[PDB]
Amino acid sequence: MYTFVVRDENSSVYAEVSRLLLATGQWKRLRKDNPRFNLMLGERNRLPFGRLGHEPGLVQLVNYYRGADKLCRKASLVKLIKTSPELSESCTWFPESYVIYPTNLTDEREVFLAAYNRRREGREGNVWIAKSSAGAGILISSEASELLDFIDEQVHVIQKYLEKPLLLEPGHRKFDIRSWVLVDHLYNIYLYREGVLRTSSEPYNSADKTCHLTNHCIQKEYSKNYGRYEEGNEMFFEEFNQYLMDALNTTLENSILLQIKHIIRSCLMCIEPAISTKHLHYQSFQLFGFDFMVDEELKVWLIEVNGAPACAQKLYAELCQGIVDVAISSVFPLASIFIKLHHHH
Amino acid sequence: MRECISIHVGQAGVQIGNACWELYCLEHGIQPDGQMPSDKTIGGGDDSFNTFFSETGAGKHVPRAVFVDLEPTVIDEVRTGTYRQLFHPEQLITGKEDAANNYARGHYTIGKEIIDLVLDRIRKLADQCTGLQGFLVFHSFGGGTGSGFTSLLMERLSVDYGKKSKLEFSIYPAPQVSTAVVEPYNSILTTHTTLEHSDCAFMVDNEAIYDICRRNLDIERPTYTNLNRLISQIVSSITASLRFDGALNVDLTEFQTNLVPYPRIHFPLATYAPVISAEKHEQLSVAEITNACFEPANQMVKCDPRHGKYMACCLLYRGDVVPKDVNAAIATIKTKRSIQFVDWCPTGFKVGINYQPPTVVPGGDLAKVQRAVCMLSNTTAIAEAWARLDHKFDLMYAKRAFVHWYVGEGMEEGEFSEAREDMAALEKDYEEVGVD
Amino acid sequence: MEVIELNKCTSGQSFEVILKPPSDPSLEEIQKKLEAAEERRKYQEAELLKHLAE
Amino acid sequence: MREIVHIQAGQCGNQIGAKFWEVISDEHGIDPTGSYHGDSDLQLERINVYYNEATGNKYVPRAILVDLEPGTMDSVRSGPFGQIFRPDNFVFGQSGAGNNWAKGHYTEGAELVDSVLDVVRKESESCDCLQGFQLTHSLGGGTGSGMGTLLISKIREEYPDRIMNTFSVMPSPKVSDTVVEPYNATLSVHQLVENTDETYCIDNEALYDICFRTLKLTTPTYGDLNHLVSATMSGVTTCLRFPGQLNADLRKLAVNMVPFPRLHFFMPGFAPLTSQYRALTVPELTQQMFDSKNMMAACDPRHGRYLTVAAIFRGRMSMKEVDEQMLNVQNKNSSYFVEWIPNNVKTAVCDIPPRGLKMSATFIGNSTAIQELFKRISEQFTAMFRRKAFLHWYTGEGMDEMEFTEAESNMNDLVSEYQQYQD
Ligand SMILES: Nc1nc2c(ncn2[C@@H]2O[C@H](COP(=O)(O)OP(=O)(O)OP(=O)(O)O)[C@@H](O)[C@H]2O)c(=O)[nH]1
Ligand SMILES: Nc1ncnc2c1ncn2[C@@H]1O[C@H](COP(=O)(O)OP(=O)(O)CP(=O)(O)O)[C@@H](O)[C@H]1O
Ligand SMILES: Nc1nc2c(ncn2[C@@H]2O[C@H](COP(=O)(O)OP(=O)(O)O)[C@@H](O)[C@H]2O)c(=O)[nH]1
Ligand SMILES: [Ca+2]
Ligand SMILES: [Ca+2]
Ligand SMILES: [Ca+2]
Ligand SMILES: [Mg+2]
Ligand SMILES: [Mg+2]
Ligand SMILES: [Mg+2]
């Protein structure tokens with residue numbers, strides 16, 4: 001009879017996981033302040049890692065990796081990629097990005113402008129995008145003056161905007177790919193076989209942010225073609241793979257999925273020394289959400305990593321069950337839907 | 001040569017001190033009767049080992065130590081122990097009724113009646129010192145005497161010896177071997193009143209020592225004797241520079257200079273390796289033992305330095321170690337470990353090597369090893385111990401549980417919140433230094 | 001990278017390796033607190049004896 | 001030597017106290033003549049806690065026998081270990097107390113209390129370091145209840161800085177002598193609330209049920225009930241009578257067990273309780289130790305929460321397995337332990353087992369469920385007091401109805417105090 005506590009009531013993913021644990025008849029939920037627990041579904045902010053692994057006779061597991069925020073923050077991710085030799089500034093699958101601090105507060109304002117002038121002089125596409133971790137506030141412009149002034153009006157990041165995205169047909173519309181990755185206490189990297197494409201319902205116009213931002217909330221609020229092509233502007237892998245074969249004469253695995261798997265391993269393996277709990281008094285696992293961009297050349301780009309992602313409605317049952325199987329029951333056995341990305345520890 | 005005086009307070013302090021002086025005698029070749037054959041200067045001398053041992057005209061080497069306890073049972077063990085001949089009776093001070101695991105009882109009620117006696121005995125040992133560096137104080141956080149009486153003694157020592165350094169060896173409470181529920185109260189109370197009077201304090205978490213004994217020595221249910229043997233090894237490595245010829249940490253002042261840039265953050269993290277069962281071995285190399293210094297499983301306090309920042313770091317090697325091998329191991333570790341220093345401090349290590357390999361009590365649980373290392377690192381990650389302690393304090397104090405025991409001894413309830421506020425400020429300081 | 005202050009003796013040697021450059025109350029006051037606590041004990045005990053006397 | 005002074009008062013107190021000294025004398029290897037005939041030095045290591053040493057290497061219990069009648073103490077003096085008690089420590093009257101708290105506390109006991117205090121003073125003067133006093137008595141009678149609490153009040157006046165501990169037998173209508181027992185118990189309880197540090201609540205209802213339901217004794221007697229109390233008293237005092245680290249003295253036990261001064265009433269438990277040669281494993285001891293059927297207070301622990309718990313394991317057993325089982329009980333039933341007192345369960349192990357058992361476990365619990373015991377007494381008290389029934393027995397000794405009203409309010413306050421900490 002294992003025990004667990006819930007400290008994040010807003011987690012849709014782990015609400016199902018908690019429900020599944022109780023349905024097994026072998027897991028008992030305790031008060032959120034009871035220390036005698038085997039598993040903690042901790043809160044997003046200020047999780048007390050320092051109080052874990054100090055209960056005698058209790059194997060304690062938590063659903064977050066301490067120090068993983070370096071990969072799940074806009075500014076942190078850019079700094080990690082540039083400063084990490086495993087990734088280097090010459091990274092080919094990450095858009096050219098710069099961290100810009102507001103003038104009312106290191107900083108890369110001068111470095112960003114140096115590359116901006118090269119594109120303007122070189123006649124190349126010089127459209128950039130500005131965003132931050134405090135947004136729902138994103139500005140897309142071809143003039144560096146507007147981007148810098150907007151930020152001064154929290155820390156934002158500026159990266160090259162993919163002016164040549166892959167456009168689904170019919171529709172001539174933009175999209176992004178969300179992949180769910182589970183890392184268990186042994187630091188095995190499991191990629192959920194089922195992904196989703198959060199597509200835009202408006203035609204892409206290179207000359208209005210409705211057709212440029214693939215956010216589900218934006219498409220369901222500022223888009224008048226929501227749900228026209230696919231239910232909820234979400235295209236799953238089965239349909240997307242069929243389109244690639246019919247349109248581009250290729251498969252999802254070869255054209256995109258190989259690059260996605262490569263990117264996932266590179267990021268997680270880079271931070272493994274800093275966050276691994278192999279020889280720690282408590283164990284950690286975490287579910288990650290990777291957002292990718294695909295250009296017209298079938299090249300995969302990484303946008304951001306989410307530390308507390310939500311799952312698709314149809315995929316909640318399967319994914320949450322997989323979390324209990326390989327992440328929770330592996331440490332607490334009771335009485336595959338993932339792809340294991342093998343690597344060197 | 002400058003002398004050091006060791007003060008052992010309470011059961012934990014006395015028993016640990018008994019194990020340390022036993023190890024000191026074995027390391028220096030001092031027999032239980034006090035005779036030291038290798039000491040050719042009979043009745044005197046200013047050698048390195050004389051900082052801890054005085055000499056009589058008959059050739060007896062008497063430790064410069066004072067044992068204090070509000071109960072006589074524990075110190076009576078030393079009076080009739082194997083090394084009973086080392087200490088003259090003036091060094092052993094015992095009361096009749098202890099502090100009953102009550103900080104207020106040890107600090108106000110019972111401590112007030114014995115404090116003058118302890119100082120007078122301490123003054124006797126100070127008068128034998130040509131130049132006194134300071135004191136080493138051994139005690140527990142959770143005990144009534146170890147917490148309450150130590151804080152009173154530290155205040156008086158700062159008054160009577162204002163220019164002398166004071167170093168602490170503190171036993172952090174662990175429920176697996178704890179004897180009182182109010183130990184979080186005593187820990188925070190004693191830390192609050194001792195914080196300004198201590199220049200450098202080495203915390204030892206009984207939980208960490210307990211698990212090391214089980215994991216590495218294959219001891220199913222470790223006892224105090226098992227714990228103290230391991231603790232005395234760590235203490236011996238720390239004080240080895242004071243007792244042997246060397247150039248690193250040669251005096252108490254150097255400990256503060258090398259490990260404590262900020263006076264309030266004076267709790268270095270100690271990591272020791274290797275710990276090998278005597279019943280069991282492939283001798284570990286310099287690189288292997290050095291790499292083990294960054295494994296939390298070998299630290300005296302379970303915490304994760306990867307999520308903090310370093311202010312200072314000393315490597316203390318004992319055995320067959322040459323500087324070339326140390327540097328090679330350090331270079332490899334930097335390329336695989338997350339070692340982040342504060343911006344206002346250099347990223348480096350102070351290394352001390354003593355050629356004599358570690359000494360092990362015959363018939364003990366620790367096997368003889370060719371080389372060993374103790375790392376003293378001032379990392380902000382040690383604040384996790386404060387966070388655990390403060391949380392337990394908050395839980396009980398919210399209901400005022402057990403508070404009446406302290407008020408009944410004359411202590412005011414406000415001192416509880418005063419001490420808690422001080423701990424809150426201390427936690428804030430650690431987060432500022434180690435967190436961006 | 002840099003080894004500095006190498007000192008060697010018969011019993012051992014010490015040195016420093018740098019990898020990267022950087023970027024009290026008086027006795028009177030103590031006695032007052034102790035005597036204040038003792039006085040509070042006497043007041044509390046006196047009240048108990050007063051209660052028992054009643 | 002931290003000596004404890006033992007006092008037994010009234011019929012119940014002396015009969016249970018006599019058995020207790022018989023039990024622990026056997027454990028320490030002391031024969032009825034006071035001579036030691038043991039085979040282990042652990043027996044004599046802390047013998048001074050309960051025994052004085054006299055000429056000829058004799059061990060004399062530090063016990064004072066008090067009663068307003070001579071009958072029961074005459075039986076004790078003629079009992080198995082009667083000769084071991086110090087003759088001058090038999091302090092008795094002739095009138096009796098008539099199961100009347102007023103007689104024991106105000107009229108009959110007052111005439112005899114000073115001579116009892118003289119014996120107590122004599123015993124205390126010869127103590128190197130006096131821990132305190134332990135009193136055995138019942139709350140339903142007149143001498144143990146009435147004069148016993150008067151002794152506690154006067155002992156505290158002369159020794160305010162010493163620990164006061166009692167084994168108190170709670171009356172029950174199931175095992176009852178007179179209808180006025182709720183009156184006597186309610187008056188005594190308020191005295192205990194103010195003037196004791198630790199009170200082991202022993203309920204005659206629970207003792208009878210254990211003898212009947214568990215031991216399969218169809219017609220239990222007082223002697224059978226006292227067998228459980230002797231074994232329980234030996235277990236609870238194990239940490240006091242043998243070398244150890246946890247709860248080794250009265251004050252340290254109080255600090256660990258009493259988070260609030262008035263909530264110092266403990267539920268004792270014992271295991272095994274067999275109606276007999278079968279070996280009992282450590283897991284079996286732990287489950288039976290925490291089982292309500294092994295409790296002595298007739299209170300359901302699941303109806304409240306544990307503020308603090310003291311566990312004592314006796315015999316040669318795996319201490320590693322003891323830690324595992326104790327942690328398992330807390331982790332599998334963490335809801336019944338208050339979370340605002342971290343690590344409120346302390347476990348001790350002693351190598352010397354009780355007579356006739358390879359190993360045993362003693363349970364000392366400070367649970368809010370003990371309020372059920374005081375609710376039961378309060379309801380019985382009120383059922384009679386609302387009609388002033390049987391009050392003339394007390395008004396005839398000078399008491400006023402107001403004193404009964406205050407006692408009723410005080411015990412209801414005690415029940416309310418437990419209720420707030422249970423939520
Ligand atoms: N490592 C180690 N810890 C000990 C030892 N003895 C006691 N402790 C710890 O110290 C704490 C209790 O403090 P004590 O030193 O026993 O109490 P005290 O200083 O004698 O003060 P009193 O209350 O008067 O007895 C508990 O948490 C124990 O785990 C020991 O010999 N070695
Ligand atoms: N460099 C870039 N090139 C092209 N499109 C980009 C881009 N940066 C952002 N976008 C677009 O903007 C959308 C939202 O960006 P971002 O991922 O920062 O938003 P968010 O953090 O609100 C999404 P979630 O939190 O659900 O992962 C992306 O899905 C993509 O369509
Ligand atoms: N357990 C136990 N209870 C007893 C014994 N004798 C009396 N009692 C209980 O004690 C109460 C009567 O108190 P008693 O000691 O006889 O009165 P006293 O002599 O004036 O103190 C009743 O509730 C009885 O149930 C005994 O030997 N054992
Ligand atoms: Ca000499
Ligand atoms: Ca000072
Ligand atoms: Ca008369
Ligand atoms: Mg996001
Ligand atoms: Mg002690
Ligand atoms: Mg009777």
# chains A, B, ... in the order shown; residues from 1 in each chain; ligands from 1

call {"tool": "residues_near_ligand", "arguments": {"ligand": "ligand 1", "cutoff": "6 Å", "atoms": "only C-alpha atoms and all ligand atoms", "output": "ChimeraX atom specification"}}
result
/B:10-12,15-16,70,98-101,140,142-146,173-174,177-179,206,224,227-228

call {"tool": "interface_residues", "arguments": {"of": "chain D", "to": "chain A", "cutoff": "7 Å", "atoms": "only C-alpha atoms", "output": "list in words"}}
result
residues 324, 327, 331, 334 and 339 of chain D

call {"tool": "interface_residues", "arguments": {"of": "chain B", "to": "chain A", "cutoff": "8 Å", "atoms": "only C-alpha atoms", "output": "list in words"}}
result
residues 176, 295, 296, 297, 302, 303, 306, 307, 336, 337, 338, 384, 385, 387 and 388 of chain B

call {"tool": "interface_residues", "arguments": {"of": "chain C", "to": "chain D", "cutoff": "9 Å", "atoms": "only C-alpha atoms", "output": "JSON list (two decimals) with N, CA and C atoms, in the first residue's frame"}}
result
[["chain", "number", "residue", "atom", "x", "y", "z"],
["C", 45, "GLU", "N", 7.02, 30.08, 40.55],
["C", 45, "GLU", "CA", 6.95, 29.17, 41.69],
["C", 45, "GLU", "C", 6.17, 29.79, 42.85],
["C", 48, "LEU", "N", 2.52, 29.41, 42.30],
["C", 48, "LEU", "CA", 2.10, 28.04, 42.58],
["C", 48, "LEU", "C", 1.93, 27.82, 44.08],
["C", 49, "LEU", "N", 2.90, 28.28, 44.87],
["C", 49, "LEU", "CA", 2.78, 28.15, 46.32],
["C", 49, "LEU", "C", 1.60, 28.96, 46.85],
["C", 52, "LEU", "N", -1.37, 26.84, 46.05],
["C", 52, "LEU", "CA", -1.46, 25.72, 46.98],
["C", 52, "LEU", "C", -1.85, 26.20, 48.38],
["C", 53, "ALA", "N", -1.40, 27.39, 48.78],
["C", 53, "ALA", "CA", -1.78, 27.92, 50.08],
["C", 53, "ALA", "C", -3.29, 28.15, 50.16]]

call {"tool": "residues_around", "arguments": {"residues": "region 35-39 of chain B", "least_positions_apart": "2", "cutoff": "7 Å", "atoms": "only C-alpha atoms", "output": "list in words"}}
result
residues 29, 30, 31, 33, 41, 42, 59, 60 and 61 of chain B

call {"tool": "residues_near_ligand", "arguments": {"ligand": "ligand 2", "cutoff": "7 Å", "atoms": "only C-alpha atoms and all ligand atoms", "output": "PyMOL selection string"}}
result
chain A and resi 95+129+131+133+135-136+159-162+175-176+212-215+291+293+303-306

call {"tool": "select_by_dssp", "arguments": {"residues": "region 174-415 of chain B", "states": "strand (DSSP E)", "output": "PyMOL selection string"}}
result
chain B and resi 200-205+269-273+310-319+347-354+371-379

call {"tool": "closest_atom_pairs", "arguments": {"of": "chain B", "to": "chain D", "cutoff": "10 Å", "atoms": "only C-alpha atoms", "output": "CSV"}}
result
residue,atom,partner,partner_atom,distance
B:72,CA,D:1,CA,9.8
B:73,CA,D:1,CA,9.4
B:96,CA,D:129,CA,6.8
B:97,CA,D:129,CA,7.1
B:98,CA,D:252,CA,9.5
B:99,CA,D:252,CA,8.8
B:100,CA,D:252,CA,5.0
B:101,CA,D:252,CA,6.7
B:102,CA,D:255,CA,7.9
B:174,CA,D:343,CA,9.8
B:175,CA,D:343,CA,6.6
B:176,CA,D:323,CA,8.6
B:177,CA,D:245,CA,9.6
B:178,CA,D:346,CA,8.4
B:179,CA,D:246,CA,5.4
B:180,CA,D:256,CA,5.8
B:181,CA,D:256,CA,5.7
B:182,CA,D:256,CA,7.4
B:184,CA,D:342,CA,9.5
B:219,CA,D:320,CA,9.9
B:220,CA,D:320,CA,6.3
B:221,CA,D:320,CA,5.6
B:222,CA,D:320,CA,9.4
B:391,CA,D:342,CA,9.8
B:392,CA,D:342,CA,6.5
B:393,CA,D:342,CA,9.1
B:394,CA,D:340,CA,8.5
B:395,CA,D:340,CA,4.7
B:396,CA,D:340,CA,5.2
B:397,CA,D:340,CA,8.5
B:398,CA,D:340,CA,8.0
B:399,CA,D:340,CA,7.5
B:400,CA,D:259,CA,8.2
B:401,CA,D:259,CA,4.8
B:402,CA,D:259,CA,4.2
B:403,CA,D:259,CA,7.6
B:404,CA,D:260,CA,7.0
B:405,CA,D:255,CA,7.3

call {"tool": "write_last_selection", "arguments": {"atoms": "N, CA, C and O atoms", "output": "compact mmCIF listing (two decimals), in the first residue's frame"}}
result
# COMPACT_ATOMS: atom_id res chain seq x y z
N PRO B 72 26.66 12.85 35.48
CA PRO B 72 27.97 12.22 35.70
C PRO B 72 28.18 10.88 35.00
O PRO B 72 29.33 10.43 34.92
N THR B 73 27.13 10.25 34.49
CA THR B 73 27.25 8.88 34.00
C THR B 73 28.22 8.78 32.82
O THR B 73 29.05 7.87 32.77
N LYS B 96 24.81 16.72 38.54
CA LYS B 96 24.01 15.63 39.09
C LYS B 96 22.76 15.34 38.28
O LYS B 96 22.48 14.18 37.96
N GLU B 97 21.98 16.37 37.93
CA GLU B 97 20.80 16.20 37.09
C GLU B 97 21.00 16.97 35.79
O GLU B 97 21.42 18.13 35.81
N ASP B 98 20.69 16.32 34.68
CA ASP B 98 20.99 16.87 33.36
C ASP B 98 19.91 17.88 32.95
O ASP B 98 19.02 18.23 33.73
N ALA B 99 19.98 18.34 31.70
CA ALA B 99 19.07 19.35 31.18
C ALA B 99 17.77 18.76 30.66
O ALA B 99 16.91 19.53 30.20
N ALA B 100 17.60 17.44 30.71
CA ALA B 100 16.34 16.80 30.33
C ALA B 100 15.90 17.19 28.93
O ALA B 100 14.72 17.42 28.66
N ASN B 101 16.87 17.27 28.01
CA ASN B 101 16.60 17.62 26.62
C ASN B 101 15.88 18.96 26.50
O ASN B 101 15.07 19.17 25.60
N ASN B 102 16.18 19.89 27.41
CA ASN B 102 15.52 21.18 27.48
C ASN B 102 16.58 22.27 27.39
O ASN B 102 17.41 22.41 28.30
N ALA B 174 18.98 13.69 14.12
CA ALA B 174 18.40 12.76 13.16
C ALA B 174 17.44 11.83 13.89
O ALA B 174 17.82 11.20 14.90
N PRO B 175 16.19 11.71 13.43
CA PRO B 175 15.21 10.89 14.16
C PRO B 175 15.62 9.43 14.31
O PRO B 175 15.18 8.78 15.27
N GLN B 176 16.42 8.88 13.40
CA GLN B 176 16.79 7.47 13.50
C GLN B 176 17.58 7.17 14.77
O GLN B 176 17.60 6.01 15.20
N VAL B 177 18.24 8.16 15.36
CA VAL B 177 18.97 7.94 16.60
C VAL B 177 18.63 9.02 17.62
O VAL B 177 19.29 9.13 18.66
N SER B 178 17.61 9.81 17.34
CA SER B 178 17.25 10.91 18.23
C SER B 178 16.60 10.37 19.50
O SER B 178 16.01 9.29 19.52
N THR B 179 16.70 11.16 20.57
CA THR B 179 16.15 10.78 21.86
C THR B 179 15.09 11.75 22.38
O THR B 179 14.57 11.54 23.48
N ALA B 180 14.76 12.80 21.63
CA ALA B 180 13.79 13.78 22.09
C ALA B 180 13.05 14.36 20.90
O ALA B 180 13.62 14.54 19.82
N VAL B 181 11.77 14.67 21.11
CA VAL B 181 10.96 15.28 20.07
C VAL B 181 11.26 16.77 19.89
O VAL B 181 11.01 17.31 18.81
N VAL B 182 11.80 17.43 20.91
CA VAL B 182 11.97 18.89 20.89
C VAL B 182 13.34 19.27 20.36
O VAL B 182 13.74 20.44 20.45
N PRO B 184 14.42 19.86 17.37
CA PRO B 184 14.39 21.05 16.50
C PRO B 184 14.35 22.36 17.27
O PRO B 184 14.97 23.34 16.85
N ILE B 219 26.85 -2.30 8.44
CA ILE B 219 26.34 -2.35 9.80
C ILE B 219 24.82 -2.23 9.73
O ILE B 219 24.29 -1.23 9.23
N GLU B 220 24.12 -3.26 10.21
CA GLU B 220 22.66 -3.27 10.10
C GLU B 220 22.03 -2.17 10.93
O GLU B 220 21.17 -1.42 10.44
N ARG B 221 22.43 -2.05 12.19
CA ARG B 221 21.89 -1.05 13.11
C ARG B 221 23.06 -0.35 13.79
O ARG B 221 23.48 -0.74 14.89
N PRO B 222 23.62 0.68 13.16
CA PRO B 222 24.80 1.34 13.73
C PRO B 222 24.51 1.90 15.12
O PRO B 222 23.42 2.39 15.40
N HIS B 391 11.48 24.01 9.19
CA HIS B 391 10.13 23.53 8.92
C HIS B 391 9.57 22.76 10.11
O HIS B 391 8.41 22.96 10.51
N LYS B 392 10.37 21.87 10.70
CA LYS B 392 9.92 21.13 11.87
C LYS B 392 9.64 22.07 13.04
O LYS B 392 8.67 21.89 13.77
N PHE B 393 10.49 23.09 13.21
CA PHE B 393 10.25 24.10 14.23
C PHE B 393 8.91 24.79 14.01
O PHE B 393 8.13 24.98 14.94
N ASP B 394 8.62 25.16 12.76
CA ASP B 394 7.38 25.87 12.45
C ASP B 394 6.16 25.01 12.77
O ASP B 394 5.16 25.52 13.28
N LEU B 395 6.23 23.72 12.46
CA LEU B 395 5.08 22.84 12.68
C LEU B 395 4.71 22.78 14.16
O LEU B 395 3.53 22.94 14.52
N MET B 396 5.69 22.55 15.03
CA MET B 396 5.39 22.44 16.46
C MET B 396 5.05 23.79 17.07
O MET B 396 4.11 23.89 17.87
N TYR B 397 5.81 24.83 16.72
CA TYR B 397 5.61 26.12 17.36
C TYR B 397 4.28 26.75 16.99
O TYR B 397 3.74 27.56 17.76
N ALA B 398 3.73 26.41 15.83
CA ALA B 398 2.42 26.94 15.46
C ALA B 398 1.36 26.55 16.48
O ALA B 398 0.43 27.33 16.74
N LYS B 399 1.47 25.36 17.06
CA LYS B 399 0.58 24.92 18.13
C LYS B 399 1.14 25.19 19.52
O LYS B 399 0.48 24.89 20.51
N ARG B 400 2.35 25.76 19.61
CA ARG B 400 3.01 25.99 20.89
C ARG B 400 3.30 24.68 21.63
O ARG B 400 3.38 24.66 22.86
N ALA B 401 3.44 23.59 20.88
CA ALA B 401 3.66 22.29 21.49
C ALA B 401 5.00 22.27 22.23
O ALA B 401 6.04 22.62 21.67
N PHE B 402 4.97 21.83 23.49
CA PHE B 402 6.13 21.68 24.36
C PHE B 402 6.71 23.02 24.82
O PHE B 402 7.68 23.02 25.58
N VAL B 403 6.15 24.15 24.39
CA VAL B 403 6.73 25.44 24.75
C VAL B 403 6.70 25.66 26.25
O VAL B 403 7.57 26.35 26.81
N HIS B 404 5.71 25.10 26.94
CA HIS B 404 5.58 25.34 28.38
C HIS B 404 6.77 24.80 29.15
O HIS B 404 7.08 25.29 30.24
N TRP B 405 7.45 23.77 28.63
CA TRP B 405 8.64 23.26 29.30
C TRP B 405 9.74 24.32 29.36
O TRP B 405 10.45 24.43 30.37

call {"tool": "residues_near_ligand", "arguments": {"ligand": "ligand 6", "cutoff": "10 Å", "atoms": "only C-alpha atoms and all ligand atoms", "output": "JSON list (two decimals) with N, CA, C and O atoms, in the first residue's frame"}}
result
[["chain", "number", "residue", "atom", "x", "y", "z"],
["D", 93, "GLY", "N", -4.37, 4.06, 59.07],
["D", 93, "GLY", "CA", -5.33, 4.40, 60.09],
["D", 93, "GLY", "C", -6.24, 3.23, 60.40],
["D", 93, "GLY", "O", -5.98, 2.08, 60.04],
["D", 94, "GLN", "N", -7.34, 3.54, 61.09],
["D", 94, "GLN", "CA", -8.28, 2.50, 61.50],
["D", 94, "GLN", "C", -9.70, 2.79, 61.03],
["D", 94, "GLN", "O", -10.49, 1.87, 60.79],
["D", 95, "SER", "N", -10.03, 4.08, 60.88],
["D", 95, "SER", "CA", -11.41, 4.47, 60.59],
["D", 95, "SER", "C", -11.86, 3.98, 59.22],
["D", 95, "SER", "O", -12.99, 3.50, 59.07],
["D", 96, "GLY", "N", -11.01, 4.11, 58.21],
["D", 96, "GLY", "CA", -11.42, 3.86, 56.84],
["D", 96, "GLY", "C", -11.93, 5.12, 56.17],
["D", 96, "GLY", "O", -12.04, 6.20, 56.76],
["D", 107, "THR", "N", -11.48, 14.97, 55.74],
["D", 107, "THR", "CA", -11.64, 14.66, 57.16],
["D", 107, "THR", "C", -10.72, 13.53, 57.62],
["D", 107, "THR", "O", -9.82, 13.75, 58.43],
["D", 108, "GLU", "N", -10.91, 12.32, 57.09],
["D", 108, "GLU", "CA", -10.14, 11.18, 57.60],
["D", 108, "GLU", "C", -8.70, 11.21, 57.11],
["D", 108, "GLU", "O", -7.77, 10.95, 57.89],
["D", 109, "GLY", "N", -8.49, 11.52, 55.83],
["D", 109, "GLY", "CA", -7.14, 11.56, 55.30],
["D", 109, "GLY", "C", -6.31, 12.68, 55.89],
["D", 109, "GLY", "O", -5.11, 12.52, 56.12],
["D", 110, "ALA", "N", -6.93, 13.84, 56.14],
["D", 110, "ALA", "CA", -6.19, 14.97, 56.69],
["D", 110, "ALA", "C", -5.54, 14.62, 58.02],
["D", 110, "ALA", "O", -4.45, 15.12, 58.32],
["D", 111, "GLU", "N", -6.18, 13.77, 58.82],
["D", 111, "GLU", "CA", -5.62, 13.40, 60.11],
["D", 111, "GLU", "C", -4.36, 12.55, 59.95],
["D", 111, "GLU", "O", -3.49, 12.57, 60.84],
["D", 112, "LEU", "N", -4.23, 11.83, 58.84],
["D", 112, "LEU", "CA", -3.13, 10.89, 58.65],
["D", 112, "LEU", "C", -2.05, 11.38, 57.69],
["D", 112, "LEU", "O", -0.97, 10.78, 57.65]]

call {"tool": "decode", "arguments": {"residues": "region 18-23 of chain C", "atoms": "N, CA, C and O atoms", "output": "mmCIF file, in the first residue's frame"}}
result
data_model
loop_
_atom_site.group_PDB
_atom_site.id
_atom_site.type_symbol
_atom_site.label_atom_id
_atom_site.label_comp_id
_atom_site.auth_asym_id
_atom_site.auth_seq_id
_atom_site.Cartn_x
_atom_site.Cartn_y
_atom_site.Cartn_z
ATOM 1 N N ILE C 18 44.386 27.076 -8.938
ATOM 2 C CA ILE C 18 43.367 28.031 -9.359
ATOM 3 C C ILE C 18 42.944 27.677 -10.777
ATOM 4 O O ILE C 18 43.785 27.588 -11.681
ATOM 5 N N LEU C 19 41.641 27.476 -10.971
ATOM 6 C CA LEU C 19 41.099 27.117 -12.274
ATOM 7 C C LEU C 19 40.510 28.299 -13.031
ATOM 8 O O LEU C 19 40.490 28.278 -14.265
ATOM 9 N N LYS C 20 40.034 29.326 -12.329
ATOM 10 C CA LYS C 20 39.414 30.470 -12.984
ATOM 11 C C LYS C 20 39.436 31.686 -12.065
ATOM 12 O O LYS C 20 39.057 31.575 -10.889
ATOM 13 N N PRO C 21 39.860 32.853 -12.543
ATOM 14 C CA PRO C 21 39.867 34.039 -11.685
ATOM 15 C C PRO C 21 38.451 34.473 -11.351
ATOM 16 O O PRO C 21 37.503 34.168 -12.091
ATOM 17 N N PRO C 22 38.261 35.169 -10.234
ATOM 18 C CA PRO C 22 36.916 35.629 -9.875
ATOM 19 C C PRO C 22 36.411 36.689 -10.842
ATOM 20 O O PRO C 22 37.187 37.407 -11.477
ATOM 21 N N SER C 23 35.088 36.776 -10.946
ATOM 22 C CA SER C 23 34.443 37.751 -11.817
ATOM 23 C C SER C 23 33.932 38.950 -11.024
ATOM 24 O O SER C 23 34.694 39.856 -10.685
#
